[PDB]
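FYI, side chains are in, hydrogens and waters are out, and symmetry mates aren't considered; it's all heavy atoms of this structure. Counting starts at 1 for both ligands and their atoms, following the listed order. Protein chains get the first letters and strands the later ones, always in sequence-line order, with residue 1 at the start of each.
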Amino acid sequence: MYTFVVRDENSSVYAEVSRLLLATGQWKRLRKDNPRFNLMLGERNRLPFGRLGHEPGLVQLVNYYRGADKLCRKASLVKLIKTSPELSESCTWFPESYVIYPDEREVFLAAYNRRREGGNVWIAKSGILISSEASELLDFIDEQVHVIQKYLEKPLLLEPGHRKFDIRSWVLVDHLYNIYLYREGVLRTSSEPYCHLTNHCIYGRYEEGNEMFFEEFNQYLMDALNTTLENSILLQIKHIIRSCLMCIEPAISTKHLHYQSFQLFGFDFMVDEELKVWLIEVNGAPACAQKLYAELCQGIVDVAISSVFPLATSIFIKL
Amino acid sequence: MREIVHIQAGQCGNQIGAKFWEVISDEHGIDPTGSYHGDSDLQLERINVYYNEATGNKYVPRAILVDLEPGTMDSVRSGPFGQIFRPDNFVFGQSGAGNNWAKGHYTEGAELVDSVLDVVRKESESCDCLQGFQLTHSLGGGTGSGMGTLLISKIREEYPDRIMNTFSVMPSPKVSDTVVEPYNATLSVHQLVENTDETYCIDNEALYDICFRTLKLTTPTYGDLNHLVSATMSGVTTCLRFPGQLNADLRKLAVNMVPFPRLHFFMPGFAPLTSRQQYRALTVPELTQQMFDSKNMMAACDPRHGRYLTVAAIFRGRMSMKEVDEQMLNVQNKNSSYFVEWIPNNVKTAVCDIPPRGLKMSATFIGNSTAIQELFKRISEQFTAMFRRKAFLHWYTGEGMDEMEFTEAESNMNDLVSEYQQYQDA
Amino acid sequence: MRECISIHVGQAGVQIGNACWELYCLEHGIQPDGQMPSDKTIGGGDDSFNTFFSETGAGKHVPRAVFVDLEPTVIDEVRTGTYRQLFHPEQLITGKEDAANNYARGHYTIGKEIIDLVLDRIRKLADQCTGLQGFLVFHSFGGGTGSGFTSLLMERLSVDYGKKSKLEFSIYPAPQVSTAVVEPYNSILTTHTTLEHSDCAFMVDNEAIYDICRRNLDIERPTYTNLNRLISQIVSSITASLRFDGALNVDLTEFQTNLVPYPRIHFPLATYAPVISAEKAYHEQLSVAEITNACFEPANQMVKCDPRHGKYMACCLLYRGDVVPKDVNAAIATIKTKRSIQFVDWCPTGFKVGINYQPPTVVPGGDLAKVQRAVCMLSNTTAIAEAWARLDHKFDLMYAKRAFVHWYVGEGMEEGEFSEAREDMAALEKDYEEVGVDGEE
Amino acid sequence: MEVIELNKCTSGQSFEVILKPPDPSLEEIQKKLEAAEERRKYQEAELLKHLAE
Ligand SMILES: CC(=O)O[C@@]12CO[C@@H]1C[C@H](O)[C@@]1(C)C(=O)[C@H](O)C3=C(C)[C@@H](OC(=O)[C@H](O)[C@@H](NC(=O)CBr)c4ccccc4)C[C@@](O)([C@@H](OC(=O)c4ccccc4)[C@H]21)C3(C)C
Ligand SMILES: Nc1nc2c(ncn2[C@@H]2O[C@H](COP(=O)(O)OP(=O)(O)OP(=O)(O)O)[C@@H](O)[C@H]2O)c(=O)[nH]1
Ligand SMILES: Nc1nc2c(ncn2[C@@H]2O[C@H](COP(=O)(O)OP(=O)(O)O)[C@@H](O)[C@H]2O)c(=O)[nH]1
Ligand SMILES: [Ca+2]
Ligand SMILES: [Mg+2]
Ligand SMILES: [Mg+2]
Ligand SMILES: [Mg+2]
């Protein structure tokens, strides 16, 4: 029988993965500090990677990639894109961004002034403020490291409603660093006419819970724009996912390591009116849509867990 | 050269001790006359631990035989290996102890105890570096229980920095000689708590149940019980008698098995145990599963009712050391609930190439489990059932003991039980 | 020429020291009877191998070594071994009863009674040195003698040889071959007491040597003999610069200068390649680039950890065999573009390279195949603090319940030394973290 | 990348590649050892006192 431990009680995704493992009759849950485990569903912060893979006779697997935080923190994602030659500062699918400490404060002003002299609305985050001139953006940050990012002034607006939205894609990377894209995404749509923030925390007018799934969104792109979700958007999404994950692969891969890692990521995209996809952020501990919990969590057990610990049509797109 | 001095006291102690020396004399190639006739140098490499080498390349057990009546020791001297013991090491009286702890500890035993210490001193003075003592005795009688614990207290006084180890047979109403056995065992257990470093708890109830239910012996005798013990005593001392890395001496064993000084009472186990099929070859997974089964352990305690503080497992014979590690880590990872999480890697494994005389493979289990409190609970319950009515006390007050000494022995064992319950919840 | 004295403490230190001096003799052409037909200066000389070997008038080359153990069975095998004629009895010190895997017993009880004898025998070797430069100390972390007596000897050596350098080769405890449950206690106790007395310590995790023997040598259950012949190869790679002509790491002080900028963080990570089974008839001989690339694989390190998530303070490459500097630079350039190699901001991002043309020597009948080129990388990376973190966690688990503490207090030690030693380790983990470190969404 | 400190001999050579620039005294030990010895003698005396009772 296989053994596992739970170190993050607040994870709705792995609270469902744990009860799926406890439903196969071949997985037993141990106390959270028992070191004789096969699988660790670890804590979000300060996961003790240094104590993994030192139990004789145990293949140990953990649900987080050590070092993947460079991709999932806003300040370090900007630094990773501008300093990695695989991505370049000439990267076309990531909005112009600058890391400033309350430093790229002077480089931000040179780019800001050069286009105000010639629309330049920016956004601050790390607590969100969207201003039109640079003097107001810098005063709010001195009230932790922030990033100033070019705000997409021309987004793709759904009709009827004239409303903003964003796309969430779930990506699973297994221990062999295979990149699996869940075939089901969600559009966290705004219910107000363009309303600038589309986070589900911020109702129910055009779709239940401000969530439009891929089937309805693809049907809309065919009727309104005479294109498909695969062609207009999903090719760019698959390209961005591959670019980000292949860039950090030599840094985080566990191929020749004494323990193995997998991880589920949440990619947030935005689409402009020219059907160009932009990367907003990458989430290292993401939640799921209520309908897609059962299918995705079962896919996590099949692809990431049972591949290492075998029991007695794929929902993912392999990139 | 790290010599051990062996002492066997009373009827049970001498009959079990005799079988022990017969068994390990065969393993080391020593005939009943003391002559070596083996075919492997591994038999002689650490033979000085239990044997002295006399004139003519003869090996004499470093054993001292003690009793308050001559009966049992006469039968030992007339036994199969009776001539191998040094005749001077027979120390006995004539009055007997009447299954009375007070007689063994305070009156009859006190008159003989100095003669035993003279022999102990003589064997110790011929030790290049004595490491400690091992005592074989029962707790239910008078000599092994009362005088045996008197011997331990006086040995500790004269050798305070040496290890004291005992094989202690615990009484049970199912295999009982007299009704005062709970009195004698309660008085002795407190002595062992204070004055031993390692005590192998051998329950006569468990020995009987193993002979009856497992070995399919309808009417077990004391000889049948002692057969199991000698095979277990051979297993638990394999690390002391043959070259090895783990628990190679008494003090290193104590450092690995005893996290708290008073909790030093071990559950022993042996595998295989089969009825008479007996020619069937045993595999490593079968040895491991039986070795950890409650039906193979000899303290009559369910380890699933407690948790293991430390575990020692010794495999004897030619087998795959890789396969030994796999099954050991298998039962350890599949049942991690019964091992304490605050002592990492508390299960140590050893392998000896030389198997017992009749087996190709065998395994011996040594567990320091908090479930051993069930044994002390049983004895406490039986003690209280009689003491609340002061039943049979006159046998003891007639020897000068007071009721207060019984009250203190009752409290000391209840404290011992509570100390185990403290760490079973931890 | 400046002499080096080797000290071997406890079973692990003695058995490893035995494997090294056997390998040293094969590398220098010294026969088991001490004779060395290539040493044309009979009875004396100041050659590079004389840093480890004295000479008698009869031409015997005698190791500058002391063996000390608290029980005699392990050192008795040195007295009757193949190289028995190499040593004289004064170099072999034995007691009658060991420290029983108890630091306090090795440090206080038994150590106080034998320390003066050990220092007397060490003084006899020191008096035979024209310019002694320091000591190499081999011991385990988990044994009672290797941990307890070593930390006492290291204290007295700092008193009697205050100007001399001290390097350690320490065996980190691994449960797969461990003989005691209290080894985390002894490890923390001896690291605390020795930290200010050791200038550079090379830790070797038995778990790593065990897995290298299983994967690369195809040994299903490696023994101490298997582990020690692999350890003696890494040790030989590290001490070769003191025993042969060269310019890199030519004295003990250069080890500290090149590998240890901060005195407390003196635990370089060692990585060795290639380790190749001798049972196969033909092996594809790896190139300079391939063996240099292998130095950044965690599976070849002496301590399993991830240098990608730490920072480098120094990095030495010690090659042996058919290696020219042109190929090393081409390998470093290729590796630097494809590997996560980040240095601290106050240290140069570079490599100190040493090449010795003589290929690594293998013991006849051993498990290691003769290779045409090999390399040992000594890097000071903060990732090695993972090994302290594992150790301090096992310490914390047992010490919270005071398990086994009575064994140490019973030998004269106080409970406060436990927490004092633990707080020093907490500070040590903090020093590594300062140097090397930058829900429902 | 640059190669500095190139030293060559008959048995090998060495060089450096740069890719980017930026105790207790004897008496104190004797006291500790004797202090632990005193604590051992005190515990043994208590034991013998306990056994005399
Ligand atoms: C121990 C052991 O093996 O016990 C069983 C029992 O379950 C085991 C399994 C076996 O296969 C089975 C069944 C045998 O069939 C075997 O043919 C056989 C051996 C190997 C004999 O044991 C030997 O010869 C050994 O080398 C031995 N020395 C003696 O025991 C002295 Br005679 C020894 C053991 C351990 C360490 C050192 C030395 C014993 C036995 O009678 C038989 O036990 C008993 O009937 C018995 C009865 C009551 C109590 C205990 C045992 C036996 C005989 C029949 C002669
Ligand atoms: N690599 C290697 N490790 C060893 C060897 N011998 C012992 N060890 C390790 O050392 C630790 C045990 O310490 P020892 O050196 O044997 O003990 P000691 O120093 O003699 O101290 P005492 O026996 O208590 O007096 C365990 O972790 C062993 O795995 C060896 O020959 N090679
Ligand atoms: N296992 C075993 N137990 C025995 C033997 N003889 C006596 N006993 C047990 O020991 C207790 C009696 O103690 P005994 O040794 O006869 O008294 P003593 O001679 O005065 O020490 C009772 O619990 C008996 O069941 C024996 O040969 N084997
Ligand atoms: Ca010379
Ligand atoms: Mg009787
Ligand atoms: Mg030792
Ligand atoms: Mg976010």
Side-chain angles (χ1 to χ4, degrees), chain A residues 44 69 71-75 77 125-128 147 166 168 188 197-201 265-269 279-287, chain B residues 2 9-16 67-69 71-72 75 96-101 103-104 137-146 169 171 175-178 180-181 184 204 222 244-249 251-252 255, chain C residues 8-15 67-77 94-103 105-106 110 139-140 142-150 171 179-180 183 186 224 439-441:
Chain A
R44 286 189 281 262
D69 53 300
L71 195 69
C72 304
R73 303 299 161 90
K74 295 184 178 60
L77 171 64
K125 45 190 173 182
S126 76
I128 300 181
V147 289
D166 72 81
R168 159 66 63 88
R188 299 120 78 186
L197 268 58
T198 65
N199 205 19
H200 187 273
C201 169
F265 296 88
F267 281 77
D268 292 337
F269 301 97
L279 175 67
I280 304 305
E281 66 167 354
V282 188
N283 294 99
Chain B
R2 291 284 283 171
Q11 172 163 42
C12 178
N14 270 282
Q15 280 162 350
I16 284 183
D67 205 348
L68 284 168
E69 63 192 6
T72 305
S75 184
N99 291 285
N100 193 319
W101 194 88
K103 286 189 178 187
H137 66 152
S138 70
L139 301 196
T143 304
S145 188
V169 176
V175 190
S176 185
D177 293 345
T178 65
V180 297
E181 292 167 356
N184 299 324
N204 260 6
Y222 272 136
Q245 290 292 324
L246 183 81
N247 299 319
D249 62 77
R251 186 172 283 108
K252 271 186 171 168
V255 169
Chain C
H8 314 278
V9 186
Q11 172 174 318
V14 167
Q15 295 188 156
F67 295 75
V68 50
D69 198 6
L70 298 183
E71 59 107 348
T73 57
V74 181
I75 285 188
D76 282 333
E77 290 185 342
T94 57
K96 285 193 178 297
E97 58 181 344
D98 61 38
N101 292 325
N102 185 334
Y103 172 98
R105 191 168 175 89
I110 308 180
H139 65 105
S140 66
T145 303
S147 67
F149 181 76
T150 299
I171 302 310
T179 64
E183 293 190 53
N186 299 332
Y224 283 147
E440 300 300 307
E441 302 156 341

Colleague: When you compare the side chain of A:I280 with that of A:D166, does any pair of heavy atoms fall below 4.5 Å?
Modeller: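 Contact flag for A:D166/A:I280 side chains = no.
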Colleague: When rounded to the nearest 0.5 angstrom, what is the spacing between CZ in B:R251 and CG in C:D98?
Modeller: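 Going from the CZ atom of B:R251 to the CG atom of C:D98 covers 8.5 Å.
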Colleague: To check you understand the geometry: which heavy-atom pair defines the closest contact between B:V175 and B:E181, and what is its length?
Modeller: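 Closest pair (atom of B:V175, atom of B:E181, distance): O-OE1, 4.5 Å.
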Colleague: Applying side-chain contact (heavy atoms from CB on, under 4.5 Å), name anything that partners B:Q11, two or more places apart in sequence or on another chain.
Modeller: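 Checked B:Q11 against side-chain contact (heavy atoms from CB on, under 4.5 Å); matches are B:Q15, B:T72.
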Colleague: Looking only at N, O or S atoms, which one in A:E281 sits nearest to the Mg ion (ligand 7)?
Modeller: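 Relative to the Mg ion (ligand 7), the closest nitrogen, oxygen or sulfur of A:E281 carries the name OE2.
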Colleague: Taking B:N184 for the side chain and B:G142 for the main chain, is one N or O donor matched with an acceptor at less than 3.5 Å?
Modeller: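 No; zero donor-acceptor contacts below 3.5 Å.
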Colleague: What's the separation between atom OG1 in A:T198 and atom CZ in A:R168, rounded to the nearest 0.5 Å?
Modeller: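 With rounding to 0.5 Å, OG1 (A:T198) is 10.5 Å from CZ (A:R168).
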Colleague: So which protein N/O/S atoms does the Mg ion (ligand 5) have within less than 2.8 Å?
Modeller: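 Under 2.8 Å from the Mg ion (ligand 5) - ignoring waters, which are not counted - the protein N, O or S atoms are B:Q11 OE1.
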